[PDB]
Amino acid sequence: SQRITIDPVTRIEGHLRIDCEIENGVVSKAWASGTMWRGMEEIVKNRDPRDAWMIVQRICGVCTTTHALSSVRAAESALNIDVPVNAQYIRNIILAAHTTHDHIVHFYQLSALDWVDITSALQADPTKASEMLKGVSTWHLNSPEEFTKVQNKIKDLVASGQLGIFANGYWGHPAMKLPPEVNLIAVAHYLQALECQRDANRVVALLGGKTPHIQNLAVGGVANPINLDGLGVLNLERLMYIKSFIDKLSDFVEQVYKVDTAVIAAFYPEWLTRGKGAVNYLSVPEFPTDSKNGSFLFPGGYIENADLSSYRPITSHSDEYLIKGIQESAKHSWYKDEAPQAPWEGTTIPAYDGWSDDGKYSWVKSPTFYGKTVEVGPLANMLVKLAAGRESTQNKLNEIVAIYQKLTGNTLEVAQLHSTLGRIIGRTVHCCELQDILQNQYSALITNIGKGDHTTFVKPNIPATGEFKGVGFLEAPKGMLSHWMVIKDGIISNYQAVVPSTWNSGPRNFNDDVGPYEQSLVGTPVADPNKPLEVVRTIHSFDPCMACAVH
């Protein structure tokens, strides 16, 4: 038996330390630690409510857009403002296109090098690699010629002796299972992914004014001026340009990312039987389409003890059952006040005292829902949509299972989704369904402008006396996000962010119960404790964001 530390964890956002006790070749106990704090909740305090979104957007530049949108929703909640429907269409297109970029970059740039051996790709036969994909994908850039050009780029990098960020990798590890040909296919798709994510961010830029960090929001709606006949504003030529980029995303997502997800599961089937982090799941509904902040295109809900048949639907961002359940504790975190706190009454008082296995070991707080630990993110999101009987989600999951069946002769049941690969699959399903969200909301905007509605902004009033509490919910790429604003005498008197990586990465809670990262690792086989690739594989499946988790 022995104790290891993984510090830094790479191919994530931000600063993470993972500790593991290993006994008889398996992890017996783990600790997750966020090692950087800024105090973003304190920086935004005492300001005008209308200013918060530009400051708290900077909680994270990987999940850019998300904290901006959650912050304006929180002020609109406190103030009782109904957002114009055109402002909802624009906010929705931005969030859907951003999330497409975010999921593609996670699968390829951040996670693929846990599963893919770039050295092995030098041994591949490019023709055999291309032949393996016949009747599995219709993608137009799977030729032997494409794969030979990619293999020659790898050959040149190796021959230079400067491997840089590709160096001292896990090349030849016993947990690396792909044949040479599938390693070469994956590297070709890694490079092609960079073009698709760039198109997704061109959609975001044309509505946001730039990305990273959009600049088109307001408490009350958006800053885009809709005028089909205007010079220098959001006219029909600018809308046509947006549509030209929306139409470029589908083929890569459906014919490359969706297919690769099924192929990784076919070669790594034991990863369907490990990495369960929780038995409770939460997601919020997303993409409102009415004039009163509701009528969501995607559903939300709460699953308890993995029972889909008895789940509780969530159809409103004003649901008092959801609001009343959320608390955070700092018993095992570097803050002073330890008992569970509702976020409108939250404090964030730093109290660093160094690392202790049984005391404080993280800057991440510990969130609970009516006293229980909960997993958020794409696995939660997919399982809630299956509980709701959403036929689009059923059908997309079935397409991934059908490729896995063609490759292995085996099928995939819902029980196998509570796992490191199920989490990966839920993310892929979400990216696929978002392409229909983009087509739907573009068409809705064009049709509404044609009815003569050009409205985008309702100017707020803020009473100079009274105390007003608001909450803004959002289904972010990593899971349910909430921003909690208290207004007193016209200024922000409290501001608390509860972020999806806070739920999943937070340390042991007030009752010493284990959160999803720490739970998921128990039982992990580790062939070489000096090179713990198997631990990093499960942690990457949650898509850690530690600027998000800690703020």
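For every residue, the number given is its place in the sequence shown, counted from 1.
Comparing 85-93 with 137-145, the stretch with the higher mean C-alpha B-factor in the PDB entry is 137-145. In this entry, 301-309 shows the higher mean Cα temperature factor of the pair 454-462 and 301-309.
Looking only at 257, 473, 170, 190, the residue with the top Cα B factor in the deposited structure is 170. The PDB entry assigns the greatest CA B-factor among 158, 204, 282, 326 to 158. Among all modelled residues in this chain, the alpha-carbon of residue 517 has a temperature factor (C-alpha) in the middle third. Split the chain's modelled residues into thirds by C-alpha temperature factor. Residue 369 is in the middle one.
For residue 272, the recorded CA temperature factor ranks within the highest third of the chain's modelled residues. Ranked by Cα temperature factor within the chain, residue 221 sits in the lowest third according to the deposited record. Among all modelled residues in its chain, residue 132 ranks in the highest third by Cα B-factor.
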